[PDB]
Amino acid sequence: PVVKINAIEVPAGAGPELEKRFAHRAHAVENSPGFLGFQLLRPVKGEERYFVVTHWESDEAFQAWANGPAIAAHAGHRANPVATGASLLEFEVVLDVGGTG
Amino acid sequence: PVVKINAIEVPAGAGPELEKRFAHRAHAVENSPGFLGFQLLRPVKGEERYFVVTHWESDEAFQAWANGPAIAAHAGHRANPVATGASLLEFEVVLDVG
Ligand code: HEM
Ligand code: HEM
Ligand code: HEM
Ligand code: HEM
Ligand SMILES: [Cl-]
Ligand SMILES: [Cl-]
């Protein structure tokens, strides 16, 4: 599997509103092919950006969503953005273990 | 829950060996209190560092481990470490959907 993280620059003070918007749209990507879930991570130390950590079965699955449906879903909305930049960080999962055994 | 990521600088070429070392030691943290697992993420685009993404029930559980047992578990071992730097990135989980 792969991990695609949007590392989003959020002005100081804007975090609560950004979190509210993500919580409201939390199920926006549900059932997209190859999609395995996401987390929104609020920065506490060592990073100032929020990390939007998304998980996919493959890079092709991610690319299909990001280039097609993700973009199309924007028409007929528009409130924001509060973010002032983003960087996509892309990775392959080498290992994934749980906490117990 | 919280996420503590060690973002480790690995020299080009050293990735395979680093991955081998983590795979061998993959269950080193198992059953530590508050520990919920980890992933090792190999960088493909937009980052050059490996991300060691660890999951904890609380910051306190992480701090207990990092300051105590994680350090003590090094004695009586030698490997020449391949990484050339690391940054701990710390976060709180706002939402986690499947
Ligand atoms: C510069 C480019 C972009 C801008 C300005 C933008 C801006 C926005 C804004 C304003 C929203 C609505 C949030 C709100 O206020 O409720 C949104 C939602 C969203 N964005 Fe974008 N975005 C961009 C690119 C992308 C890309 C490239 C992706 C994914 C590959 C993406 C994925 C999403 C998703 C999944 C939502 C939630 C949609 C829903 O609730 O149905 N965005 N974006
Ligand atoms: C999968 C779950 C995702 C959700 C629910 C989501 C939702 C959102 C929302 C609500 C915004 C507007 C933020 C604001 O008010 O400033 C946004 C912005 C944006 N998203 Fe995400 N997104 C997701 C994944 C991604 C991914 C993986 C990417 C990268 C491929 C991405 C790229 C972007 C970009 C480029 C923006 C505009 C940021 C800016 O203007 O500086 N999104 N997304
Ligand atoms: C500059 C400080 C550090 C150095 C030089 C260092 C170096 C190393 C080396 C060489 C190994 C063995 C890898 C192999 O098989 O070759 C190792 C293992 C490990 N390190 Fe460290 N490390 C440092 C700090 C830390 C810290 C702060 C933590 C956690 C908070 C940590 C957590 C671990 C863990 C969980 C292992 C797996 C081994 C086990 O305990 O069974 N290290 N480290
Ligand atoms: C929980 C799973 C973890 C495992 C299995 C693990 C394992 C390892 C291993 C095998 C090394 C040596 C890598 C090499 O050969 O260069 C290492 C190095 C190190 N680890 Fe991790 N680690 C874990 C989590 C952490 C965390 C959360 C931290 C954050 C403090 C950390 C801090 C360090 C540091 C500071 C080094 C030395 C990096 C360098 O010398 O540049 N480890 N760890
Ligand atoms: Cl985002
Ligand atoms: Cl590490």
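Start at 1 and count along the chain as shown; that gives each residue its number.
If you check the header, you will see the structure was determined by X-ray crystallography, 1.8 Å.
Cβ coordinates are placed from backbone N, Cα and C, and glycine is handled just like the others.
DSSP assigns A:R25 (heme binding site) to coil, not to a helix or a strand. Annotation comment: Swiss-Prot describes A:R21, A:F22, A:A23, A:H24, A:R25, A:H74, A:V82, A:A83, A:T84, A:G85 as heme binding site, evidence class similarity to another entry.
Residues or ranges marked as domain 'ABM' in Swiss-Prot: A:2-91.
Residues or ranges marked as site 'Transition state stabilizer' in Swiss-Prot: A:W65. Taking all protein chains in view, 20 other C-beta atoms sit within 10 angstroms of the C-beta of A:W65 (site 'Transition state stabilizer').
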Among the recorded positions A:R21, A:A23, A:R25, A:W65, A:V82, A:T84, state which ones have a Cβ less than 8 Å from a Cβ of chain B, giving them in sequence order; state 'none' otherwise. A:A23
From the DSSP assignment alone, can you count helix, strand and coil residues within the domain 'ABM' (A:2-91)? 23 helix, 31 strand, 36 coil
What recorded positions in A:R21, A:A23, A:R25, A:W65, A:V82, A:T84 place CB under 6 Å from ligand 3? none
Just to verify: the residue among A:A23, A:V82 with the fewest other Cβ atoms within 10 Å, which of the binding-site residues is it? A:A23
Let me know how many other Cβ atoms fall within 10 Å of the Cβ of A:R25 (heme binding site). 11
Name, in the order they occur in the sequence, the residues of the same chain whose CB lies under 8 A from the CB of A:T84 (heme binding site) and which sit 6 or more residues away. A:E9, A:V10, A:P11
